[PDB]
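Novice: Quick one: structure below, then a few questions.
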Amino acid sequence: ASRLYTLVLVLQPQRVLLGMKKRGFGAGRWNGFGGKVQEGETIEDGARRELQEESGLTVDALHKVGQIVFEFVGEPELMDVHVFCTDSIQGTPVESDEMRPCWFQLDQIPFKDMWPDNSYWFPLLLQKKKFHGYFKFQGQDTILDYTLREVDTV
Ligand SMILES: Nc1nc2ncccc2[nH]1
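All residue numbers for the sequence shown refer to the working numbering, where the first residue is 1061 and numbers rise by one.
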């Protein structure tokens, strides 16, 4: 019982792009860009499509960096999130009614205003490590338990 999602982190040498979501699941929190994968669409093509829909940016080179499964207690479907990273993009981040993008210096990533799992695996993403994670949430703020291990192959 799992549903495919994407998450794209535009990660440059000294800064990362994040978006403040206006409404929906995760509203009020900085996050990477992504969403559901469509029928007949590859996960990577879905990640590319969502990056543009939400941030206005066109990615060229995308790299798999992680897989994180999210469980919310009481909700049947697990979120199977395929995480990607890129440095080579085109365009300028676009603010829309749905999303407010902002660049952050790497020592100023706003973990307090992000999903609480991010502080666990971001240190790996910033050091170019690949990972497999699982986070069991109660509600949207409480991590009941988790696993996170590095991998050589996502
Ligand atoms: N970046 C990010 N973390 C998350 N945790 C739970 C649900 C969705 C999430 N998106």
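Idealized CB from N, CA, C, for every residue including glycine.
Pull up the distance between the alpha-carbon of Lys-1081 and that of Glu-1114, whole angstroms please.
Specialist: Taking the straight line from one Cα to the other gives about 9 Å.
Novice: Less than 8 Å between the C-beta atoms of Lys-1189 and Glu-1210, yes or no?
Specialist: For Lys-1189 and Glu-1210, yes; Cβs fall inside 8 Å.
Novice: Contact defined as beta carbons within less than 8 Å: I believe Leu-1208 pairs with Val-1143. What is the distance between those atoms, to the nearest angstrom?
Specialist: 12 Å between Cβ atoms; not a contact.
Novice: Check whether the Cβ of residue 1226 lies closer than 7 Å to any heavy atom of ligand 1, and answer yes or no.
Specialist: Past the boundaries of the shown model lies residue 1226; the chain is included only from 1061 to 1214, so the question cannot be answered.
Novice: Suppose you measure from the CA of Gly-1100 to the CA of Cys-1162; what does that come to, to the nearest Å?
Specialist: Distance between the alpha carbons of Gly-1100 and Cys-1162: 32 Å.
Novice: Determine, using beta-carbon pairs with one atom in the segment 1102-1112 and one in the segment 1181-1197, whether at least three such pairs fall under 8 Å.
Specialist: No contact exists between the segment 1102-1112 and the segment 1181-1197.
Novice: When the distance is taken between beta carbons, is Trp-1090 closer than 8 Å to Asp-1173?
Specialist: Yes, the pair counts as a contact, with Cβ atoms nearer than the cut-off.
Novice: Using the C-alpha atoms, what's the distance from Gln-1074 back to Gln-1165?
Specialist: Distance between the alpha carbons of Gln-1165 and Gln-1074: 6 Å.
Novice: Should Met-1139 be counted as a contact of ligand 1 given a C-beta to heavy atom distance under 7 Å?
Specialist: At least one heavy atom of ligand 1 is nearer than 7 Å to the Cβ of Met-1139, so yes.
Novice: My assumption, with CB atoms under 8 Å, is that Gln-1150 sits in contact with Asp-1177. Please give the rounded CB distance.
Specialist: Actually they do not touch by this definition, with Cβ atoms about 30 Å apart.
Novice: What are the partner residues of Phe-1191, as DSSP defines its beta bridges?
Specialist: Looking at the DSSP assignment, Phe-1191 forms a beta bridge with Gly-1126 and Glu-1210.
Novice: Have a look at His-1123 and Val-1133 and give me their C-alpha separation to the nearest angstrom.
Specialist: Approximately 31 Å between the Cα atoms of the pair.
Novice: Between the Cα of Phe-1085 and the Cα atoms of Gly-1095, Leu-1078 and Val-1076, which residue gives the shortest distance?
Specialist: Taking only the C-alpha atoms, the option nearest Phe-1085 is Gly-1095.
Novice: Relative to the alpha-carbon of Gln-1168, which residue among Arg-1063, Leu-1077, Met-1139 and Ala-1061 has its alpha-carbon at the smallest distance?
Specialist: Answer by Cα proximity: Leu-1077.
Novice: In chain order, which continuous runs of the beta strand (DSSP E) of length 3 or greater are located wholly inside the segment 1063-1090?
Specialist: Complete beta strand (DSSP E) runs here, min 3: 1075-1081.
Novice: List in chain order: all unbroken alpha helix (DSSP H) runs of 4+ residues lying wholly within the segment 1088-1118.
Specialist: With a minimum length of 4 residues, the continuous alpha helix (DSSP H) runs that stay inside the segment 1088-1118 are 1103-1115.
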